[PDB]
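Only one chain is given next, in structure tokens, and it is the form deposited in one PDB entry.
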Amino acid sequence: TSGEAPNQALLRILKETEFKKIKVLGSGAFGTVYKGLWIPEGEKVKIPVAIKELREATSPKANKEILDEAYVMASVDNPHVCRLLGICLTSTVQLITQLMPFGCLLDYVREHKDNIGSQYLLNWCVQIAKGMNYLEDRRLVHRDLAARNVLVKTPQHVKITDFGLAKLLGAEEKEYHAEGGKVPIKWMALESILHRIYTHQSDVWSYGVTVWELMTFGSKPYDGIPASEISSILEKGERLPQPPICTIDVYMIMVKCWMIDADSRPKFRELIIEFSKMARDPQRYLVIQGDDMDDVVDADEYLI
């Protein structure tokens, strides 16, 4: 191959018979996420799943985006990345993925802030750095890393999801150039705002904002600031403030992800090392007051 490696991920087409929706987890304008049970026919297993369905197939552009997402989700495999189990084509395109029962990490930290200690926070930081580093290996720029897009399998185990903006860099490319469409401005590197240039180092900036979300127990970045005003305030030198529980050691890691020169920001592989060292003595780096279901198989244990 004159360039990249053949993507031999498998795309599993699942029968609608094989799974049963249980509850709505959430509805948007473009569709709904359900929780359900998948039961591969020949297997004596029931697998808890989230089922993400496009509301109405009457939007070829939409069907094209959700299939782009499924391509990406089908091609990743890492303990800290959400992988696609299969798709269902019935009338509405449905993505089937492993159910992450505690939901997204942003709502988790807001709901349980009075019971979240430094060990958890720094461990999450390690696990997200691991997921992102693995995506960097796969030459994949996420473009929407945020605490809303980290899911909670258990309080000890989180994974990166929402690959709807993710782009695959080529072997001869280093940057992605996008063209319109709503983008999460308050998580975007300055180069992404100004020139719509995206890089793994652009993702590192987003990682900085995501850590800041966690350390503030789900605070909104630049709360009350118009998204249009963000470009200018970031040029002037302004950054997110030091969260109360953060030592200078941790806040300085966050600030380095927000260096204007993108190459002098940390590598995800370095963020793994630094937070892992910190997670080894958590109270030195965060200061927090008070520190039939018989055939059910989690998806991480169903491997075909």
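Definition used throughout: the rigid core is the maximal C-alpha set that superposes within 1.5 Å between two forms. Position 1 is the first residue in the sequence shown; the rest follow in order.
Student: Checking the other PDB entries with both flanking residues built, is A57 absent in a third or more?
Tutor: Yes.
Student: Checking the other entries of this protein that model its neighbours, is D292 missing in at least a third?
Tutor: Comparison shows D292 dropped in at least a third of the other entries.
Student: Looking at the deposited sequence, how many residues between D291 and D292 were given no coordinates in the entry: none, 1 to 3, 4 to 9, or 10 or more?
Tutor: Per the record, 10 or more deposited residues are absent between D291 and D292.
Student: Compare the mean C-alpha B-factor of 24 to 32 with that of 44 to 52 as given in the PDB entry, and name the stretch with the higher value.
Tutor: Result of the comparison: 24 to 32.
Student: What stretch has the higher average Cα B-factor here, 263 to 271 or 231 to 239?
Tutor: For C-alpha atoms only, the mean B-factor is higher in 231 to 239.
Student: According to the Cα B-factor stored in this entry, which of the following is highest: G218, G131, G208, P226?
Tutor: It is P226.
Student: Please work out which residue in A166, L214, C104, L169 has the highest C-alpha B-factor recorded for this crystal structure.
Tutor: Answer, based on the entry's C-alpha B-factors: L169.
Student: Hey, what third does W124 fall into on Cα B-factor, ranked over its chain?
Tutor: As the PDB entry reports it, the C-alpha B-factor of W124 lands in the lowest third of its chain.
Student: For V296, return the chain-relative third of its C-alpha B-factor as stated in the PDB record: lowest, middle or highest.
Tutor: Its C-alpha B-factor, which the entry lists for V296, ranks in the highest third among residues of this chain.
Student: Would you please rank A57 by its C-alpha temperature factor against the other modelled residues of its chain and give the third it falls in: lowest, middle or highest?
Tutor: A57: CA B-factor falls in the highest third of its chain.
Student: Among the modelled residues of this chain, does the Cα B factor of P79 put it in the lowest, middle or highest third?
Tutor: CA B-factor rank for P79: lowest third.
Student: Could you tell me which third, lowest, middle or highest, the C-alpha B-factor of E111 occupies within its chain?
Tutor: Middle third.
Another form, the form deposited in another entry, is not on view; read the next lines as being about it.
Student: With the core superposed, find the residue in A129, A146, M215, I87 that moves its CA 2 Å or more between the shown form and the other one.
Tutor: Of all the options, the C-alpha that shifts by at least 2 Å belongs to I87.
Student: After a core superposition, would you say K61 shifts its C-alpha by at least 2 Å between the shown form and the other one?
Tutor: Shift of 2 Å or more: yes.
Student: Following rigid core alignment, is the displacement of the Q242 C-alpha between the shown form and the other one equal to or greater than 2 angstroms?
Tutor: After core superposition, the C-alpha of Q242 moves less than 2 Å between the shown form and the other one.
Student: After a core superposition, would you say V255 shifts its C-alpha by at least 2 Å between the shown form and the other one?
Tutor: No, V255 moves less than 2 Å.
Student: Based on a C-alpha change of 3 angstroms or more, tell me if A70 and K174 lie closer or farther in the other entry than in the shown form.
Tutor: Residues converge in the other entry, at least 3 Å closer.
Student: Look at the CA atoms of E69 and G103: state whether they lie closer or farther apart in the other entry than in this form, given a difference of 3 Å or more.
Tutor: It is farther: in the other entry, the C-alpha atoms of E69 and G103 lie at least 3 Å more apart than they do here.
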